[PDB]
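The file query-v3.cif comes next; it holds mmCIF, C-alpha atoms and all ligand atoms.
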```
data_upload
loop_
_atom_site.group_PDB
_atom_site.id
_atom_site.type_symbol
_atom_site.label_atom_id
_atom_site.label_comp_id
_atom_site.auth_asym_id
_atom_site.auth_seq_id
_atom_site.Cartn_x
_atom_site.Cartn_y
_atom_site.Cartn_z
ATOM 1 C CA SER A 108 34.327 -29.069 -59.083
ATOM 2 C CA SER A 109 32.983 -32.598 -58.283
ATOM 3 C CA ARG A 110 31.113 -35.156 -60.360
ATOM 4 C CA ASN A 111 28.698 -36.458 -57.677
ATOM 5 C CA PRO A 112 25.523 -34.421 -58.432
ATOM 6 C CA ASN A 113 24.301 -34.877 -54.819
ATOM 7 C CA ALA A 114 27.683 -33.952 -53.309
ATOM 8 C CA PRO A 115 27.674 -31.474 -50.413
ATOM 9 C CA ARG A 116 28.051 -27.821 -51.322
ATOM 10 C CA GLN A 117 28.201 -24.597 -49.320
ATOM 11 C CA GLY A 118 25.300 -22.175 -49.169
ATOM 12 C CA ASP A 119 25.250 -18.739 -50.784
ATOM 13 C CA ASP A 120 27.042 -15.895 -48.997
ATOM 14 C CA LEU A 121 25.118 -12.756 -47.945
ATOM 15 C CA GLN A 122 25.932 -9.020 -47.906
ATOM 16 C CA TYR A 123 24.539 -6.359 -45.533
ATOM 17 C CA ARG A 124 25.478 -2.667 -46.018
ATOM 18 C CA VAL A 125 25.254 -1.124 -42.549
ATOM 19 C CA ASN A 126 25.036 2.716 -42.254
ATOM 20 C CA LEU A 127 27.184 4.349 -39.567
ATOM 21 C CA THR A 128 27.550 7.867 -38.312
ATOM 22 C CA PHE A 129 30.946 9.538 -38.574
ATOM 23 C CA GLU A 130 31.599 8.856 -34.920
ATOM 24 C CA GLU A 131 30.120 5.365 -34.721
ATOM 25 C CA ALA A 132 32.815 4.430 -37.196
ATOM 26 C CA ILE A 133 35.539 6.315 -35.273
ATOM 27 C CA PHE A 134 34.695 4.453 -32.095
ATOM 28 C CA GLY A 135 33.429 0.950 -31.646
ATOM 29 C CA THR A 136 29.771 0.034 -31.782
ATOM 30 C CA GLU A 137 27.388 -2.923 -32.010
ATOM 31 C CA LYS A 138 24.262 -3.688 -34.016
ATOM 32 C CA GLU A 139 21.611 -6.373 -34.328
ATOM 33 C CA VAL A 140 20.880 -7.060 -37.965
ATOM 34 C CA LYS A 141 17.434 -8.377 -38.851
ATOM 35 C CA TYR A 142 16.861 -10.129 -42.191
ATOM 36 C CA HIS A 143 15.301 -13.117 -43.981
ATOM 37 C CA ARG A 144 17.708 -15.877 -45.024
ATOM 38 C CA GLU A 145 17.042 -19.273 -46.551
ATOM 39 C CA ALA A 146 17.862 -21.597 -43.666
ATOM 40 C CA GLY A 147 16.572 -25.134 -43.952
ATOM 41 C CA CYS A 148 13.213 -26.285 -42.743
ATOM 42 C CA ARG A 149 12.700 -26.654 -39.023
ATOM 43 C CA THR A 150 9.227 -27.903 -39.959
ATOM 44 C CA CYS A 151 10.712 -30.888 -41.873
ATOM 45 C CA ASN A 152 14.265 -31.143 -40.365
ATOM 46 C CA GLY A 153 15.815 -30.467 -43.761
ATOM 47 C CA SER A 154 14.303 -33.266 -45.830
ATOM 48 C CA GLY A 155 11.303 -32.016 -47.707
ATOM 49 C CA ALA A 156 8.871 -34.599 -46.469
ATOM 50 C CA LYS A 157 5.695 -34.112 -44.482
ATOM 51 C CA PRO A 158 6.748 -35.004 -40.984
ATOM 52 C CA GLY A 159 5.841 -38.575 -40.309
ATOM 53 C CA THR A 160 6.578 -39.374 -43.936
ATOM 54 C CA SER A 161 10.098 -40.253 -45.231
ATOM 55 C CA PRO A 162 12.345 -40.082 -48.290
ATOM 56 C CA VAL A 163 12.302 -43.564 -49.769
ATOM 57 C CA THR A 164 14.491 -45.538 -52.154
ATOM 58 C CA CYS A 165 13.851 -44.625 -55.770
ATOM 59 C CA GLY A 166 11.267 -46.582 -57.768
ATOM 60 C CA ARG A 167 13.594 -46.685 -60.725
ATOM 61 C CA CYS A 168 17.242 -46.302 -59.756
ATOM 62 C CA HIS A 169 16.434 -48.741 -56.896
ATOM 63 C CA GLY A 170 18.577 -46.644 -54.554
ATOM 64 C CA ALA A 171 21.280 -45.812 -57.116
ATOM 65 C CA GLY A 172 20.495 -42.317 -58.392
ATOM 66 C CA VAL A 173 21.673 -43.533 -61.790
ATOM 67 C CA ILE A 174 20.571 -45.770 -64.638
ATOM 68 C CA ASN A 175 23.145 -48.121 -66.139
ATOM 69 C CA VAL A 176 22.956 -47.978 -69.942
ATOM 70 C CA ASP A 177 24.405 -51.104 -71.506
ATOM 71 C CA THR A 178 25.079 -51.671 -75.199
ATOM 72 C CA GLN A 179 26.264 -54.940 -76.760
ATOM 73 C CA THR A 180 29.472 -54.680 -78.843
ATOM 74 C CA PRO A 181 31.115 -57.344 -80.983
ATOM 75 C CA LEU A 182 33.880 -57.696 -78.332
ATOM 76 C CA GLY A 183 31.771 -57.155 -75.184
ATOM 77 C CA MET A 184 29.532 -54.552 -73.520
ATOM 78 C CA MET A 185 29.444 -50.776 -73.079
ATOM 79 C CA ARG A 186 28.130 -49.356 -69.804
ATOM 80 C CA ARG A 187 27.111 -45.675 -69.697
ATOM 81 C CA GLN A 188 25.857 -44.210 -66.408
ATOM 82 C CA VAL A 189 23.270 -41.441 -66.865
ATOM 83 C CA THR A 190 21.757 -39.784 -63.786
ATOM 84 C CA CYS A 191 18.342 -41.124 -62.821
ATOM 85 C CA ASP A 192 15.166 -40.153 -64.652
ATOM 86 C CA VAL A 193 13.471 -39.349 -61.351
ATOM 87 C CA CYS A 194 15.460 -38.971 -58.115
ATOM 88 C CA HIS A 195 18.660 -37.309 -59.555
ATOM 89 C CA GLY A 196 19.772 -38.044 -55.827
ATOM 90 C CA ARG A 197 19.024 -41.132 -53.806
ATOM 91 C CA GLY A 198 15.472 -41.559 -52.438
ATOM 92 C CA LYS A 199 12.159 -40.356 -53.806
ATOM 93 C CA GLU A 200 9.738 -39.225 -51.067
ATOM 94 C CA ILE A 201 7.946 -36.985 -53.480
ATOM 95 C CA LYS A 202 4.468 -38.358 -52.795
ATOM 96 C CA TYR A 203 4.378 -36.524 -49.414
ATOM 97 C CA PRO A 204 6.560 -33.369 -49.262
ATOM 98 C CA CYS A 205 6.773 -30.845 -46.451
ATOM 99 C CA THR A 206 4.116 -28.155 -46.657
ATOM 100 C CA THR A 207 6.170 -25.014 -46.010
ATOM 101 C CA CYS A 208 9.341 -25.675 -48.034
ATOM 102 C CA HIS A 209 7.458 -27.324 -50.946
ATOM 103 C CA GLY A 210 9.918 -30.227 -50.858
ATOM 104 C CA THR A 211 13.401 -28.677 -51.041
ATOM 105 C CA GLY A 212 14.626 -28.590 -47.491
ATOM 106 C CA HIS A 213 15.027 -24.767 -47.314
ATOM 107 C CA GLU A 214 12.694 -22.447 -45.411
ATOM 108 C CA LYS A 215 12.824 -18.656 -45.522
ATOM 109 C CA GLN A 216 13.718 -17.906 -41.895
ATOM 110 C CA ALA A 217 13.882 -14.645 -39.968
ATOM 111 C CA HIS A 218 17.324 -14.200 -38.511
ATOM 112 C CA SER A 219 19.240 -11.722 -36.383
ATOM 113 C CA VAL A 220 22.951 -11.259 -35.696
ATOM 114 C CA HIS A 221 24.983 -9.424 -33.080
ATOM 115 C CA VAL A 222 27.863 -7.570 -34.681
ATOM 116 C CA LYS A 223 30.848 -5.937 -32.989
ATOM 117 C CA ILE A 224 32.100 -3.121 -35.237
ATOM 118 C CA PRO A 225 35.671 -2.418 -34.110
ATOM 119 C CA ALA A 226 36.777 1.160 -33.718
ATOM 120 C CA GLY A 227 38.350 2.719 -36.758
ATOM 121 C CA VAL A 228 36.537 1.229 -39.688
ATOM 122 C CA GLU A 229 36.173 3.126 -42.938
ATOM 123 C CA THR A 230 33.474 2.962 -45.593
ATOM 124 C CA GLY A 231 33.743 -0.319 -47.455
ATOM 125 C CA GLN A 232 35.481 -2.383 -44.794
ATOM 126 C CA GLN A 233 33.921 -5.818 -44.621
ATOM 127 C CA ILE A 234 33.267 -8.135 -41.734
ATOM 128 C CA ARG A 235 32.857 -11.885 -42.275
ATOM 129 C CA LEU A 236 30.428 -13.669 -39.977
ATOM 130 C CA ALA A 237 30.809 -17.387 -40.632
ATOM 131 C CA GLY A 238 27.522 -19.071 -39.824
ATOM 132 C CA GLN A 239 25.094 -16.599 -41.299
ATOM 133 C CA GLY A 240 23.978 -16.377 -44.856
ATOM 134 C CA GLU A 241 22.081 -19.062 -46.736
ATOM 135 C CA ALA A 242 21.651 -22.804 -46.173
ATOM 136 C CA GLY A 243 23.936 -25.467 -47.612
ATOM 137 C CA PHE A 244 22.794 -28.245 -49.940
ATOM 138 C CA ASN A 245 22.896 -32.050 -49.446
ATOM 139 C CA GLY A 246 24.083 -31.394 -45.895
ATOM 140 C CA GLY A 247 26.821 -28.994 -46.903
ATOM 141 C CA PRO A 248 27.817 -26.009 -44.769
ATOM 142 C CA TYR A 249 26.152 -22.667 -44.216
ATOM 143 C CA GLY A 250 27.193 -19.575 -46.123
ATOM 144 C CA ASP A 251 28.884 -16.509 -44.624
ATOM 145 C CA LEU A 252 27.409 -13.088 -43.881
ATOM 146 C CA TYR A 253 29.472 -10.115 -45.029
ATOM 147 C CA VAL A 254 28.681 -6.615 -43.727
ATOM 148 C CA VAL A 255 30.153 -3.589 -45.472
ATOM 149 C CA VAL A 256 30.522 -0.443 -43.399
ATOM 150 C CA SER A 257 29.047 2.672 -45.038
ATOM 151 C CA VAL A 258 30.103 5.789 -43.012
ATOM 152 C CA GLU A 259 28.114 9.006 -43.099
ATOM 153 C CA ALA A 260 29.912 12.350 -43.503
ATOM 154 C CA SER A 261 30.577 14.709 -40.588
ATOM 155 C CA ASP A 262 29.429 18.341 -40.615
ATOM 156 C CA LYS A 263 32.869 19.364 -39.159
ATOM 157 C CA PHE A 264 35.542 16.859 -40.136
ATOM 158 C CA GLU A 265 37.094 15.037 -43.011
ATOM 159 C CA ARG A 266 38.885 11.761 -42.365
ATOM 160 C CA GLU A 267 41.394 9.402 -43.843
ATOM 161 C CA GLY A 268 42.592 6.405 -41.926
ATOM 162 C CA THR A 269 43.743 7.360 -38.477
ATOM 163 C CA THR A 270 43.806 11.057 -39.365
ATOM 164 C CA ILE A 271 41.075 13.624 -38.796
ATOM 165 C CA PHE A 272 41.009 16.949 -40.624
ATOM 166 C CA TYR A 273 39.402 20.234 -39.568
ATOM 167 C CA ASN A 274 39.389 23.598 -41.308
ATOM 168 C CA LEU A 275 39.540 26.756 -39.168
ATOM 169 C CA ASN A 276 38.152 29.987 -40.527
ATOM 170 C CA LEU A 277 39.856 32.967 -38.972
ATOM 171 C CA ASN A 278 39.076 36.595 -39.589
ATOM 172 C CA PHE A 279 41.707 39.235 -40.427
ATOM 173 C CA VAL A 280 41.694 40.558 -36.882
ATOM 174 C CA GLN A 281 42.237 37.150 -35.297
ATOM 175 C CA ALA A 282 44.926 36.383 -37.899
ATOM 176 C CA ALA A 283 46.893 39.596 -37.315
ATOM 177 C CA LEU A 284 46.687 39.786 -33.547
ATOM 178 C CA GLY A 285 46.363 36.106 -32.751
ATOM 179 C CA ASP A 286 43.545 34.614 -30.704
ATOM 180 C CA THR A 287 42.509 31.526 -28.788
ATOM 181 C CA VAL A 288 39.776 29.364 -30.285
ATOM 182 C CA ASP A 289 37.895 26.308 -29.192
ATOM 183 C CA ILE A 290 38.419 23.553 -31.746
ATOM 184 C CA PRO A 291 35.855 20.727 -32.130
ATOM 185 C CA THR A 292 37.176 17.198 -31.821
ATOM 186 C CA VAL A 293 35.578 13.758 -32.009
ATOM 187 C CA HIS A 294 36.906 13.426 -28.418
ATOM 188 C CA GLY A 295 35.428 16.842 -27.345
ATOM 189 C CA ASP A 296 36.694 20.408 -27.535
ATOM 190 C CA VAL A 297 40.196 21.711 -27.433
ATOM 191 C CA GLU A 298 41.572 25.199 -26.999
ATOM 192 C CA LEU A 299 44.056 26.246 -29.621
ATOM 193 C CA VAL A 300 46.353 29.265 -29.518
ATOM 194 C CA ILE A 301 46.832 31.194 -32.723
ATOM 195 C CA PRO A 302 50.029 33.266 -32.761
ATOM 196 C CA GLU A 303 50.043 36.853 -33.758
ATOM 197 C CA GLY A 304 50.920 36.936 -37.396
ATOM 198 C CA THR A 305 49.278 33.730 -38.599
ATOM 199 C CA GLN A 306 49.560 33.121 -42.294
ATOM 200 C CA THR A 307 46.794 31.280 -43.979
ATOM 201 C CA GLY A 308 47.554 27.670 -44.704
ATOM 202 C CA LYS A 309 49.156 27.018 -41.370
ATOM 203 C CA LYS A 310 48.679 23.395 -40.255
ATOM 204 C CA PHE A 311 48.337 22.646 -36.548
ATOM 205 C CA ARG A 312 48.743 19.039 -35.377
ATOM 206 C CA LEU A 313 46.689 17.888 -32.362
ATOM 207 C CA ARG A 314 48.253 14.651 -31.145
ATOM 208 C CA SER A 315 46.107 11.604 -30.497
ATOM 209 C CA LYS A 316 42.841 13.395 -31.286
ATOM 210 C CA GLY A 317 42.325 11.502 -34.569
ATOM 211 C CA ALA A 318 40.936 8.003 -35.178
ATOM 212 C CA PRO A 319 41.951 4.708 -33.541
ATOM 213 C CA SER A 320 43.795 2.347 -35.934
ATOM 214 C CA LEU A 321 42.303 -1.022 -36.930
ATOM 215 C CA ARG A 322 45.702 -2.742 -36.970
ATOM 216 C CA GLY A 323 46.472 -2.180 -33.262
ATOM 217 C CA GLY A 324 48.082 1.250 -33.730
ATOM 218 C CA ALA A 325 47.944 4.244 -31.406
ATOM 219 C CA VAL A 326 45.276 6.862 -32.019
ATOM 220 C CA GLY A 327 45.949 9.138 -34.955
ATOM 221 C CA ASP A 328 46.060 12.880 -35.095
ATOM 222 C CA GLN A 329 43.673 15.691 -35.920
ATOM 223 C CA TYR A 330 45.283 18.276 -38.225
ATOM 224 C CA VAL A 331 43.762 21.813 -38.102
ATOM 225 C CA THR A 332 44.299 23.947 -41.160
ATOM 226 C CA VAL A 333 43.835 27.679 -41.030
ATOM 227 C CA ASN A 334 41.908 29.618 -43.599
ATOM 228 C CA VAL A 335 41.885 33.412 -43.442
ATOM 229 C CA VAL A 336 38.614 34.959 -44.570
ATOM 230 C CA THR A 337 38.655 38.324 -46.266
ATOM 231 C CA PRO A 338 35.712 40.414 -44.969
ATOM 232 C CA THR A 339 32.901 41.551 -47.227
ATOM 233 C CA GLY A 340 29.861 43.736 -46.918
ATOM 234 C CA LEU A 341 31.826 46.462 -45.224
ATOM 235 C CA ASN A 342 30.354 49.675 -43.867
ATOM 236 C CA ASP A 343 32.076 53.031 -44.165
ATOM 237 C CA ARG A 344 33.419 53.132 -40.605
ATOM 238 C CA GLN A 345 35.114 49.791 -41.412
ATOM 239 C CA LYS A 346 36.639 51.025 -44.687
ATOM 240 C CA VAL A 347 38.007 54.004 -42.723
ATOM 241 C CA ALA A 348 39.760 51.851 -40.154
ATOM 242 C CA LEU A 349 41.449 49.956 -43.020
ATOM 243 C CA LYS A 350 42.582 52.999 -44.987
ATOM 244 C CA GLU A 351 43.806 54.292 -41.617
ATOM 245 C CA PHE A 352 45.415 50.893 -40.992
ATOM 246 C CA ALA A 353 47.185 51.167 -44.329
ATOM 247 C CA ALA A 354 48.590 54.619 -43.447
ATOM 248 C CA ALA A 355 49.891 53.694 -39.989
ATOM 249 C CA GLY A 356 52.056 50.994 -41.608
ATOM 250 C CA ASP A 357 53.743 52.842 -44.364
ATOM 251 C CA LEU A 358 55.036 55.347 -41.779
HETATM 252 ZN ZN ZN B 401 10.219 -28.553 -45.045
HETATM 253 ZN ZN ZN B 402 16.197 -42.836 -59.223
#
```

Entire entry expressed as structure tokens:
Amino acid sequence: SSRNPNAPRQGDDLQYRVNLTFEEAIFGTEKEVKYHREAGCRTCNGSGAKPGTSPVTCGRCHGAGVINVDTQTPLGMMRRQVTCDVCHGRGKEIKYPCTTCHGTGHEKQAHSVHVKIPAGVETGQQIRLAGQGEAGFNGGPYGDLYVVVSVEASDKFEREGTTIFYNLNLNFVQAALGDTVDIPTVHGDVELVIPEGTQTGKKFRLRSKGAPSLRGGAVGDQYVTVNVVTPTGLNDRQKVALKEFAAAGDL
């Protein structure tokens, strides 16, 4: 959005997709990220000239970057500026460019970054790290680095925001008579008491066993949801107990 062709301009942004485990995301964590950015030659100090040589005033534009283009009218003179045949900038140290960056002041560096992942992130949350990402032009600023969280599934839990979700399979006997089960939690295990008579679908709410909130909130909750499993692959002693169960209870 500026007419000066050699105006300063910010470098390209970068994106890193970082893979987390279910729990890494629930809690905090930290990673070092290794990658190759374009950074700006340390070998030439940013000007693409063999050290001990120098950019020099242009052998056409005479230090202007532009060629005045003057045309005689009846009433006067027309001046058109067109950007220089050669330098397109200011100087012209092209006879001796830096060896590594082939003249443009930008070296492929190897870079590493220390990232605090705050507790509670979900897949697709981004973090902006200001300095990182690619080199600016004509002395402009450095790009930003953007990491997107990508969270791996759990074998036990589903999640959504602060809330954790666990399904409990109960058998008929446990459902009818009640029972006490150990319930997995991202914070460790928790004993839960199942009343006698539990209907399938029942939702139990464990307070503050869910995920920490990004926006300063208190920890969320883990909701346990009961599923009653019909039994299958039943031997004859088992089918007798049930037929005998049926009879006891229509008497
Ligand atoms: Zn260089
Ligand atoms: Zn020139």

**Report entry** Å distance separating atom CA of residue 308 of chain A from atom CA of residue 296 of chain A, one decimal place
**Finding:** 21.6 Å

For the contact check between chain A and ligand ZN 402 (chain B), emit one row per residue of chain A within 8 Å, containing the shortest atom pair and the distance in Å rounded to one decimal, counting all atoms listed in the file, chain then rising number order, as a Markdown table.
```
| residue | atom | partner | partner_atom | distance |
| --- | --- | --- | --- | --- |
| A:164 | CA | B:ZN402 | ZN | 7.8 |
| A:165 | CA | B:ZN402 | ZN | 4.5 |
| A:166 | CA | B:ZN402 | ZN | 6.4 |
| A:167 | CA | B:ZN402 | ZN | 4.9 |
| A:168 | CA | B:ZN402 | ZN | 3.7 |
| A:169 | CA | B:ZN402 | ZN | 6.4 |
| A:170 | CA | B:ZN402 | ZN | 6.5 |
| A:171 | CA | B:ZN402 | ZN | 6.3 |
| A:172 | CA | B:ZN402 | ZN | 4.4 |
| A:173 | CA | B:ZN402 | ZN | 6.1 |
| A:174 | CA | B:ZN402 | ZN | 7.6 |
| A:190 | CA | B:ZN402 | ZN | 7.8 |
| A:191 | CA | B:ZN402 | ZN | 4.5 |
| A:192 | CA | B:ZN402 | ZN | 6.1 |
| A:193 | CA | B:ZN402 | ZN | 4.9 |
| A:194 | CA | B:ZN402 | ZN | 4.1 |
| A:195 | CA | B:ZN402 | ZN | 6.1 |
| A:196 | CA | B:ZN402 | ZN | 6.9 |
| A:197 | CA | B:ZN402 | ZN | 6.3 |
| A:198 | CA | B:ZN402 | ZN | 6.9 |
| A:199 | CA | B:ZN402 | ZN | 7.2 |
```

Query - Given 6 Å and only C-alpha atoms and all ligand atoms, residues near ligand ZN 401 (chain B) as a list in words - result: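 Written in the requested form, the residues are residues 148, 150, 151, 155, 205, 207, 208 and 212 of chain A.
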
Requested in this report: To one decimal in Å, tell me the separation between atom CA of residue 260 of chain A and atom CA of residue 131 of chain A.
Outcome: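 About the pair atom CA of residue 260 of chain A and atom CA of residue 131 of chain A: they are 11.2 Å apart.
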
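Nearest residue to residue 313 of chain A among A:294, A:235, A:221, A:346 is A:294, counting only C-alpha atoms.
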
For the PyMOL selection byres (((chain A and resi 161) around 10) and not hetatm), applied here, can you spell out every residue it catches as a CSV table (one decimal) with C-alpha atoms, in the coordinates of the input?
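See part28.csv below for the written result:
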```csv
chain,number,residue,atom,x,y,z
A,151,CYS,CA,10.7,-30.9,-41.9
A,154,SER,CA,14.3,-33.3,-45.8
A,155,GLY,CA,11.3,-32.0,-47.7
A,156,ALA,CA,8.9,-34.6,-46.5
A,157,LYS,CA,5.7,-34.1,-44.5
A,158,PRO,CA,6.7,-35.0,-41.0
A,159,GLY,CA,5.8,-38.6,-40.3
A,160,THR,CA,6.6,-39.4,-43.9
A,162,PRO,CA,12.3,-40.1,-48.3
A,163,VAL,CA,12.3,-43.6,-49.8
A,164,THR,CA,14.5,-45.5,-52.2
A,198,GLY,CA,15.5,-41.6,-52.4
A,199,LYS,CA,12.2,-40.4,-53.8
A,200,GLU,CA,9.7,-39.2,-51.1
A,201,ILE,CA,7.9,-37.0,-53.5
A,202,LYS,CA,4.5,-38.4,-52.8
A,203,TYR,CA,4.4,-36.5,-49.4
A,204,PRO,CA,6.6,-33.4,-49.3
```

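Ranking A:214, A:229, A:267, A:351 by their shortest atom-to-atom distance to residue 153 of chain A, with all atoms listed in the file included, puts A:214 first.
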
Query raised in the report: Between A:178, A:226, A:152, A:326, which has the minimum distance to residue 137 of chain A (counting only C-alpha atoms)?
Result: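 Smallest separation from residue 137 of chain A among the options: A:226.
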
Query - Neighbour list for residue 318 of chain A as a PyMOL selection string, cut-off 10 Å, all atoms listed in the file, skip fewer than 4 positions in-chain - result: chain A and resi 130+132-134+226-228+266-271+293-294+324-329

Query - Residues within 10 Å of residue 289 of chain A, all atoms listed in the file, excluding chain neighbours under 2 positions, as an MDAnalysis selection string - result: chainID A and resid 287 291:292 295:300

Can I get the selection written as a PDB file, in the coordinates of the input, with C-alpha atoms?
```pdb
ATOM      1  CA  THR A 287      42.509  31.526 -28.788  1.00  0.00           C
ATOM      2  CA  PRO A 291      35.855  20.727 -32.130  1.00  0.00           C
ATOM      3  CA  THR A 292      37.176  17.198 -31.821  1.00  0.00           C
ATOM      4  CA  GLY A 295      35.428  16.842 -27.345  1.00  0.00           C
ATOM      5  CA  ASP A 296      36.694  20.408 -27.535  1.00  0.00           C
ATOM      6  CA  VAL A 297      40.196  21.711 -27.433  1.00  0.00           C
ATOM      7  CA  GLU A 298      41.572  25.199 -26.999  1.00  0.00           C
ATOM      8  CA  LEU A 299      44.056  26.246 -29.621  1.00  0.00           C
ATOM      9  CA  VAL A 300      46.353  29.265 -29.518  1.00  0.00           C
TER      10      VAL A 300
END
```

Query raised in the report: Taking (28.1, -12.8, -47.0) in the file's coordinates as the center, which residues reach within 6 Å of it, counting all atoms listed in the file, put as a PyMOL selection string?
Result: chain A and resi 120-122+240+251-253
